[PDB]
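What follows is a set of notes on a single structure, which appears directly below.
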Amino acid sequence: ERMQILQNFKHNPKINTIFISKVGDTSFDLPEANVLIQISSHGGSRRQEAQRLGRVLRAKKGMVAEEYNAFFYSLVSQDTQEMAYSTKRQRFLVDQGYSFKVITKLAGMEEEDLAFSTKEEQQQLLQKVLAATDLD
Amino acid sequence: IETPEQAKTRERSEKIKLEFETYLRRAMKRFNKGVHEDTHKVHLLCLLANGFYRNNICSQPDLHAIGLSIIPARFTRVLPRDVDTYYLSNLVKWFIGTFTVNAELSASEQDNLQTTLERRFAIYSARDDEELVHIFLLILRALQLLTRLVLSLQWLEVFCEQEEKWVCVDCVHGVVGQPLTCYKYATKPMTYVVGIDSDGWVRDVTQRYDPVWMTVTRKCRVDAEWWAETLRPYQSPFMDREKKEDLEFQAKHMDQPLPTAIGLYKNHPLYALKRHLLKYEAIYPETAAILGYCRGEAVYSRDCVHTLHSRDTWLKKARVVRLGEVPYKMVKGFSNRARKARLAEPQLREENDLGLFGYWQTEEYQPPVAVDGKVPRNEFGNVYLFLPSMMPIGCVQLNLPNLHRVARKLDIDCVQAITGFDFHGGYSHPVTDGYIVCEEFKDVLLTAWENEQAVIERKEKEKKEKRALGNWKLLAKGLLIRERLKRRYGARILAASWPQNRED
Amino acid sequence: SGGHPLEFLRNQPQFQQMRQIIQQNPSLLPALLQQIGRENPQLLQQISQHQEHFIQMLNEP
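Protein chains in written order, with the entry's author numbering: chain A, 588 to 723; chain H, 167 to 319, 530 to 866, 897 to 910; chain I, 271 to 331.
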């Protein structure tokens, strides 16, 4: 099933979004992509996620002239301990000269319709998360 | 031109449907042909039962007394041991002139066969050939002659002690001792011929009368095993008589016809001709003397022709080839990628050599002996257990599920017992039955295995309850959690919470 | 005693007719064939073994 999903991601144009757990670091081969979004952190793996990012994104023809041909986004929760984890982790990449721009406002979210538009939906998500106890 | 994967899937589905339909058709054909063959066998059994009934009716004492009264005094004074061909011929000639053929007489189905025969005796007329044969059989049994009624699915067989032979008698044409004439004037095409004695015993006498017995009839008859089982209850107690009949048949059929047709030579132990031999058969020795020529094809001795098994299957059959034996015959093999390499390279199609060793080259497989609590293993780490004798000395095979885990917990050697191979899925998957363990450590291990089972018997329901407990806990928390939010609750905020009240 | 599956067929009216036909007059042989051509797996299976009881039943008057 993993290989079938990988082949669908590589070949099927309808599916271009794959969710990968921690196994995406070295347990298998990462297909060439252009957008990598990191939501969850190990807790300060400054080298593991850097290696994962290096492995995920490869050179793409067509956008060689542009200085921004591969896109990486790190979703970090404000005022949380995830801020410290991200700051500690990105130190290795900053030592390599990689820049990191902080984006607090996303342009286009107001026009586009997204899930949890109403606050009661967010209350339902909170109920679901609280239902997931410390066991998960 | 559009979704080639979909087209391939459609073609594969059509192929699978066609294969399944062909399988259903061939299964239906197999069932129908089996039903037809069983129906033919049942019809043959019905004819045999009718012959039994006719023979039983012919054994009545009243009919014998009537026949003896009818028989003239010149025939009643001859002992059965003094009966020869001339006496039988004279008796047949008298019988023909005594009873005539008259089918115009009334034939009522209500009249029993014994009553019908008594009426025929009273009128001295025969409705048909069957009644004439029955009357002649009654006449023969009147003199207490050892006579058998012979039917082709009819005539009589008389046992003469002067030559100790069964002489055929046909009263229809006045024929005595001419099996060829009886074969010519017999019933519908001859496949089985059975002779029933007055005592009820049945003997196969098709060989004596059929000249095509050894070539066409032999391949067109019923199963030998089923027929032998059917005739086993009615085997004649005269074992010496049966042996004499078999010897006479063998003497008659020992290379008497000498056919020259190629097709008759194919698949025949009597002849053992040329290339028509099977793929797994060879000639041992290769210097077999030529027994004849058939259109340029040499005849060899069947005793010199043997079926040869492979060394692997020799081991499977608990036999070991002698060391250094040259493979007598080289054949092809059907196996995994090792065989499939012939498909890639055609030049290796005939290069694949499999040595089929003969029985003379294989002596016996001697199972090893377990030493120092160690189970012997093959080249692949297992033990071949196709036969019980193949089990190594000091080893016991145990059919205990999850026994290997217990053995490893106790650090006890555990070897799989290979018993067969499954050819499903296009590959010969091995089949194992139980584990081979040392006998000295057997019983204690069994107890531990039982203890392990007891562990499961102790450690199953508990864990189930544990799951339920967690569920209950979860359920409780759920309510509390919802209730908690009720205690709390029973885009402007998000878009502009922290980084807007100062930027804007 | 020799309990056979043919015991039910021993007193079965259709099988009684069959044994009566097989007894003396084989004229009605094909009709029984048609019966065995319809559906009789039990008769096919059980007729191969213990023919003594089968023959004795066929010879019952």
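Cβ coordinates follow ideal geometry from the N, Cα and C atoms, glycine included.
Check your understanding: So which residues of chain A does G854/H contact, with C-beta pairs closer than 7 Å?
Key -> The residue given as residue 854/H occupies position 478 in the second sequence. Neighbours of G854/H on chain A, chain order: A718.
Review point. So is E322/I in contact with chain H if we call contact Cβ pairs under 8 Å?
Key: Residue 322/I sits at position 52 when you count from the first residue of the third sequence. Taking Cβ atoms only, chain H reaches closer than 8 Å to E322/I, which makes this a yes.
Practice item. Determine contact between the stretch 274-284 of chain H and the stretch 226-235 of chain H, defined as no fewer than three beta-carbon pairs at a distance below 8 Å. Key: yes
Check your understanding: chain I beta carbons: is any one of them nearer than 8 Å to that of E296/H?
Key -> Residue 296/H sits at position 130 when you count from the first residue of the second sequence. It does not; no Cβ of chain I falls within 8 Å.
**Study point:** Chain-order list of residues whose beta-carbon lies under 6 Å from that of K642/H (same chain, five-residue window excluded)
**Key:** Translated into positions along the second sequence, residue 642/H becomes position 266. Excluding sequence neighbours, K642/H sits near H652.
Point to revise | Cα-Cα separation between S318/I and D204/H, rounded to whole angstroms | key: On the third sequence, position 48 is the one that residue 318/I refers to. On the second sequence, position 38 is the one that residue 204/H refers to. Using only the alpha carbons, I get a separation of about 10 Å.
**Study point:** Straight-line Cα distance separating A719/A from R676/A
**Key:** Within the first sequence, numbered from 1, the residue matching residue 676/A stands at position 89. Within the first sequence, numbered from 1, the residue matching residue 719/A stands at position 132. The straight-line gap from Cα to Cα measures roughly 28 Å.
Review point. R642/A: which of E619/A, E669/A and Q710/A sits nearest, CA to CA?
Key: As a position in the first sequence, residue 642/A is number 55, starting the count at 1. It is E619/A whose Cα lies nearest to the Cα of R642/A.
Review point. In angstroms, rounded to a whole number, what distance separates the CA positions of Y676/H and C790/H?
Key: For the purposes of this step, residue 676/H is taken as the residue at position 300 of the second sequence. For the purposes of this step, residue 790/H is taken as the residue at position 414 of the second sequence. Each residue's alpha carbon lies about 51 Å from the other.
Review point. Expressed to the nearest angstrom, what Euclidean distance is found between the alpha-carbon atoms of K750/H and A658/H?
Key: Your numbering for residue 750/H matches position 374 in the second sequence. Your numbering for residue 658/H matches position 282 in the second sequence. If you take the alpha carbons of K750/H and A658/H, they lie about 42 Å apart.
**Study point:** chain H contact for residue 332/I (CB, 8 Å cutoff)
**Key:** No answer is possible for residue 332/I: the residues shown for chain I start at 271 and end at 331.
Check your understanding: Taking all protein chains shown into account, do 16 or more other C-beta atoms lie within 10 angstroms of the C-beta of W542/H, making it buried, or fewer, making it exposed?
Key -> Indexing the second sequence from 1 puts residue 542/H at position 166. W542/H should be labelled buried.
Check your understanding: Given that residue 220/I touches chain H, what residues does it touch there, using C-beta distances under 7 Å?
Key -> Limits of chain I in this structure are 271 at one end and 331 at the other, which puts residue 220/I out of reach.
Exercise for review: Determine the contact status of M706/H and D729/H, defining contact as a CB-CB distance below 8 Å.
Suggested key: Translated into the one-based positions of the second sequence, residue 706/H becomes position 330. Translated into the one-based positions of the second sequence, residue 729/H becomes position 353. It is a contact, given that the beta carbons lie within the stated cut-off.
Check your understanding: Taking contact to mean at least 3 C-beta pairs separated by less than 8 Å, is the stretch 797-807 of chain H in contact with the stretch 828-847 of chain H?
Key -> no
Check your understanding: How long is the line joining the alpha carbons of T636/H and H320/I, rounded to whole angstroms?
Key -> Numbered from 1 along the second sequence, position 260 holds the residue referred to as residue 636/H. Numbered from 1 along the third sequence, position 50 holds the residue referred to as residue 320/I. So the two alpha carbons sit approximately 42 Å from each other.
Exercise for review: Note down, one range per segment and in chain order, each beta strand (DSSP E) of at least 3 residues found wholly within the stretch 761-841 of chain H.
Suggested key: 771-774, 791-798 and 805-814
Check your understanding: Assuming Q294/I contacts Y219/H under a Cβ cut-off of 8 Å, what Cβ separation, rounded to an integer in Å, is found between them?
Key -> As a working note, residue 294/I is residue 24 in the third sequence. As a working note, residue 219/H is residue 53 in the second sequence. 7 Å between Cβ atoms; contact.
Point to revise | Separation of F615/A from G734/H, as counted between CA atoms | key: Reading the second sequence from its first residue, position 358 is the one you call residue 734/H. Reading the first sequence from its first residue, position 28 is the one you call residue 615/A. Cα to Cα, the separation comes out at about 53 Å.
Review point. Relative to the ligand MN, is the shortest distance from any of its heavy atoms to the C-beta of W825/H smaller than 7 Å?
Key: What this structure holds is no ligand at all, so the ligand MN is not there to describe.
**Study point:** Within-8 Å CB hit, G307/I to chain D
**Key:** In the displayed structure, chain D is absent; the protein chains listed are A, H and I.
Practice item. Taking the CB atoms as reference points, tell me whether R289/I and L328/I lie closer together than 8 Å. Key: If you number the third sequence from 1, residue 289/I lands on position 19. If you number the third sequence from 1, residue 328/I lands on position 58. Contact: yes.
Check your understanding: So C536/H is in the beta strand (DSSP E); what residue range does that whole segment cover?
Key -> As a first step, residue 536/H is located in the second sequence; it is residue number 160 there, counting from the start. From DSSP, the beta strand (DSSP E) with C536/H extends over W531 to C536.
Practice item. Using the DSSP secondary-structure output, state which residues sit across from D277/H in a beta bridge. Key: If you number the second sequence from 1, residue 277/H lands on position 111. Answer by DSSP bridge pairing: none, since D277/H is not bridged.
Exercise for review: Run down chain I in chain order and give the residues with a C-beta less than 9 Å from the C-beta of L279/H.
Suggested key: For the purposes of this step, residue 279/H is taken as residue 113 along the second sequence, with counting starting at 1. Those within 9 Å of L279/H in chain I are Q294.
Practice item. List the residues that DSSP assigns as beta-bridge partners of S318/H. Key: Your numbering for residue 318/H matches position 152 in the second sequence. BP columns for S318/H point to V569/H.
Practice item. Output, in sequence order along the chain, the residues in the stretch 556-585 of chain H whose CB is closer than 8 Å to any CB in chain I. Key: none
Check your understanding: Around the C-beta of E601/H, are 16 or more other C-beta atoms found within 10 angstroms, so that it is buried, or is it exposed?
Key -> By 1-based counting over the second sequence, the position of residue 601/H is 225. Its Cβ having fewer than 16 others within 10 Å, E601/H is exposed.
**Study point:** Residue-chain proximity (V316/H, chain I), Cβ-Cβ < 8 Å
**Key:** Taking the second sequence and counting its residues from 1, the one referred to as residue 316/H is at position 150. So no, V316/H is outside the interface.
Point to revise | Closer than 8 Å to chain A by CB, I857/H | key: Along the second sequence, one-based indexing puts residue 857/H at 481. At least one chain A Cβ lies under 8 Å of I857/H.
Practice item. Return the bridge partner residues of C670/H from the DSSP annotation. Key: Within the second sequence, the letter at position 294 stands for residue 670/H. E673/H.
Exercise for review: For the stretch 221-250 of chain H, enumerate the residues whose C-beta is nearer than 7 Å to any C-beta of chain I, in chain order.
Suggested key: none
Review point. Given a limit of 8 Å on CB to CB distance, which residues of the stretch 738-766 of chain H reach chain A?
Key: none
Exercise for review: Would you mind reading off the limits of the alpha helix (DSSP H) that contains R579/H?
Suggested key: In the second sequence, counting from the first residue as 1, residue 579/H sits at position 203. Element bounds for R579/H: not the alpha helix (DSSP H) but the beta strand (DSSP E), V578 to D580.
Point to revise | Where residue 881/H falls, given that 16 or more other Cβ within 10 Å makes a residue buried | key: Between 866 and 897, chain H has no modelled residues, which means residue 881/H does not appear in the coordinates.
Point to revise | Length of the line joining the Cα atoms of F762/H and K716/H | key: What you label residue 762/H is simply residue 386 of the second sequence in a count that begins at 1. What you label residue 716/H is simply residue 340 of the second sequence in a count that begins at 1. Straight-line Cα distance between these residues: approximately 27 Å.
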